[PDB]
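First, one chain by itself: the form deposited in one PDB entry, in structure tokens.
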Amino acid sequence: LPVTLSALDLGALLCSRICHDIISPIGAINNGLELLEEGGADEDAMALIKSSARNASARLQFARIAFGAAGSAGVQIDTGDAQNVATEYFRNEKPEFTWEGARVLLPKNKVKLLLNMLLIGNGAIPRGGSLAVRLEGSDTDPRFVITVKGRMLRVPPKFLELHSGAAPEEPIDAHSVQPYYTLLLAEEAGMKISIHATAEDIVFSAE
């Protein structure tokens, strides 16, 4: 709302964000190969390569739908696909992850909004906890509810800032592009995000 990125700058920052998120697991694959060649712990090295490749794959498949155009011809996305890539993604994240709600075809940007709200939620519990998703409403008027609980509970400051309609203090970059993008998707989809924060939990909801 208060700031806008050019097509070139949005695309570049989203690409940087995806790259940033896979540097470590792809690096660990290379580390595993180095350990394997050094010998003495071949099983550990292979296990590392396996889990790091699974991590990289999960992040790429999630990005394919949350940031990319995948799962769509376009126009619609199957929330069953969204549930699958989200569940595998959170296998490599701290919170205990649950998903509730009927499998449904929805406009692509509404499902992309949903997946991006998971990332905001994850950011709100940086010391872990639980992230629970509920799909509610109708297929014409969906409602997404993302509820997080954990020892550290805080609305991500950049998201709070942008969502309140305030221009950012520093330029949008590969970190802040994701909350910017989340709000952009909500605007595009004609949906409004609400934040309800208590001492027990934070609920991010959209409708």
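Start at 1 with the first residue shown and count on from there. Shifts are known only where both forms have a C-alpha. For the two forms, the rigid core is made up of the largest set of C-alpha atoms that agree within 1.5 Å on superposition.
Here the subject shifts to the form deposited in another entry, a form of this protein not shown in this document.
Superposed on the rigid core, the two forms differ between the shown form and the other one by 2 Å or more at the C-alpha of one listed residue only; from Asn109, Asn122, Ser72, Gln83 that residue is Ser72. Once both forms are fitted on their core, the CA shift for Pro171 between the shown form and the other one remains under 2 Å. With the core superposed, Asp139 shows a C-alpha displacement below 2 Å between the shown form and the other one.
Comparing the forms between the shown form and the other one, the C-alpha position of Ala41 differs by 2 angstroms or more, with the core used for superposition. Cα-Cα spacing of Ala73 to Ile146 is reduced in that other deposited form versus the present form (difference of at least 3 Å). Relative to the shown form, the CA atoms of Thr87 and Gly71 are pushed 3 Å or more farther apart in that other deposited form.
Segments of 3 or more consecutive residues in which every C-alpha moves by 2 Å or more between the shown form and the other one, counting only residues present in both forms and fitting on the core, are 39 to 47, 70 to 75.
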